[PDB]
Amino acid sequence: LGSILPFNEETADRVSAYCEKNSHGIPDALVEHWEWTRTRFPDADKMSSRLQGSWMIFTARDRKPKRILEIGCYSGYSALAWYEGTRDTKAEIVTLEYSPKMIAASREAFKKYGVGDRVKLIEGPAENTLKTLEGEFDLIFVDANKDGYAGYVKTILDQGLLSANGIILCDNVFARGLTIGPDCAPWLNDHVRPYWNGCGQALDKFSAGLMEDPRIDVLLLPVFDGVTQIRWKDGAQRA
């Protein structure tokens, strides 16, 4: 017997709303941006939920990372969440994006909310830009093209972009269920099914790939749309 509660769609949404009601909310400015994004780019099926926003903020407040990297800025929603949760450390927040339209939206939003002091938007395909980064990050949020996750994590590990005390959080690992199997998301809108099916195939390869890497500890948590947590294994204790 497993670790996941079975809910139908309606009930899952009610439990989601209950979580939002009984968790501290995201700031008003972030709600403003969230509603703006959803309206301006309708049914894109891309931005994180309000509760995920709360989770991001809580996580940064808790962990107090010195530097944050995220891959896949979109409209800047998660970037703003990381910003909110790191006001005390004034962490640098590096975010990568390739879409010209979403770059413009994110720059506009970053200017509106005055977060330019430590949010740095790096433009271009992350396959090109990620490897150009220097130093290390205490928290890395991977939330871009699902077919690219393996390549991104590989660069992150091989170039030491993940700090000794850090964590990588990879989003949407379940691909709505389709990472696990073709029959695991019967509720899914058929119009997005082939997209998520392709993502699931890549993410299944990704997930199996991580289990072969002796350098890291790995946990796939069944929360939201699946979140893989990655850290370096403990350093050598004795000579």
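Start at 1 with the first residue shown and count on from there.
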| property | result |
| --- | --- |
| 99-107 or 128-136, whichever carries the higher mean Cα B-factor | 99-107 |
| 216-224 set against 8-16, stretch whose average Cα temperature factor tops the other in the entry | 8-16 |
| Candidate residues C73, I168, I156, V119, the one whose C-alpha B factor the record puts highest | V119 |
| Member of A79, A91, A144, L162 with the greatest C-alpha B factor (per the PDB record) | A91 |
| Cα B factor band for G200 (lowest, middle or highest third within the chain) | lowest |
| Third of chain Cα B-factors occupied by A44 | highest |
| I68 - which third its CA temperature factor falls in, relative to the rest of the chain | middle |
| Among modelled residues of the same chain, the CA temperature factor third for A208 | middle |
| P27 by Cα B-factor - lowest, middle or highest third of the modelled chain | highest |
